[PDB]
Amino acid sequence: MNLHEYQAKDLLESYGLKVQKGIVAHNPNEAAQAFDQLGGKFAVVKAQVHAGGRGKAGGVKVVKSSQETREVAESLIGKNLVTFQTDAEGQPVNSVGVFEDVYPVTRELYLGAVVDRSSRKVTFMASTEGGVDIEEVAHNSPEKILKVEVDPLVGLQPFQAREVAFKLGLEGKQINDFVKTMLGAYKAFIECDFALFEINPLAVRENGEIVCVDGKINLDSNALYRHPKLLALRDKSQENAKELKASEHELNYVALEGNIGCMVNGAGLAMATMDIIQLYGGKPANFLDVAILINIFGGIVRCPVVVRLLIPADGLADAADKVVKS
């Protein structure tokens, strides 16, 4: 489950991290009032959607007045924002954040963490190369990605955060501030069942302040039953409507771009079913897990339209063949 920027910043601020503070505006008047409340010369208005690349899509704007804030909020609220991380229809903008200007930033750092499947440990990644595609840095210059594996018994220790801070070229009070930032992030990660987080950029201001400017928090949806306040952050408007409809009947639907539908028991068999269609010239419309091919085997689940257990089919190959031939 994704959080909005404003939600991720409120959460990290509650763990003692310094964030680019802002105010959520659900209409243009609240936005104008927000610009005045911050009391800065400049603010940054950001469309609150679950997808990065908002800046290049026109969803991030510097403003210098209450009326200008009202105007930008006017142009954004109620129009779907299409970014490189949405599809062609984009995500609904029901609010903007009005944020303090952190200009001037000296340096953009990267800090994130995931559950690393290979080591089976919470693992932080940090880099001097912030504010860019961290995947491209990792590919071109892997020596610039610092990793810290966290031992679950002792958790993240200050020395581990200090090792990273010195390697990032941080100095004086910045070391202590980064240690507090990374230790807070770890506490949040465990206490909130994060699946991942990213602070990109983790900005260093002219005066040495360490500030979370943007990034992402994804929560483990398996754990939301024990975080009622986080489950209450859910924004169903950012989800695919067809995916959302299906999930409310505890059905797993993923839409593709093809012209064959399929109904399957098991995620592995659903992918294999799709793949054996595309193997037989077909283009799958969808993954679905309880022209259409129905394909049921049965373990816990007890047993034009092709049916492999109306055109009937005898094996996997038969069904893939028959259903593309339709």
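In this text, residue numbers run from 1 along the sequence as written.
The stretch of deposited sequence separating residue 309 from residue 310 contains 10 or more residues lacking coordinates in this entry. In the deposited entry, the stretch joining residue 303 to residue 304 is interrupted by 10 or more residues of the deposited sequence lacking coordinates. Taking only CA atoms, the mean B-factor in the PDB entry is higher for 84-92 than for the other of 84-92 and 113-121.
When 132-140 is weighed against 155-163, 132-140 comes out higher, by mean CA B-factor as recorded in the entry.
The entry lists C-alpha B-factors for 170, 213, 195, 255, and the highest of these is at 255. Taking only the listed residues 45, 269, 34, 279, the entry reports the highest CA temperature factor at 279. In the PDB entry, residue 24 places in the middle third of its chain by CA B-factor.
In the PDB entry, a CA B factor belonging to the middle third of its chain's modelled residues is recorded for residue 236.
Placement of the Cα temperature factor of residue 229 within the chain: middle third of the modelled residues, per the deposited record.
Per the PDB record, residue ranking by Cα B-factor puts residue 205 in the middle third of the chain.
Placement of the Cα temperature factor of residue 100 within the chain: middle third of the modelled residues, per the deposited record.
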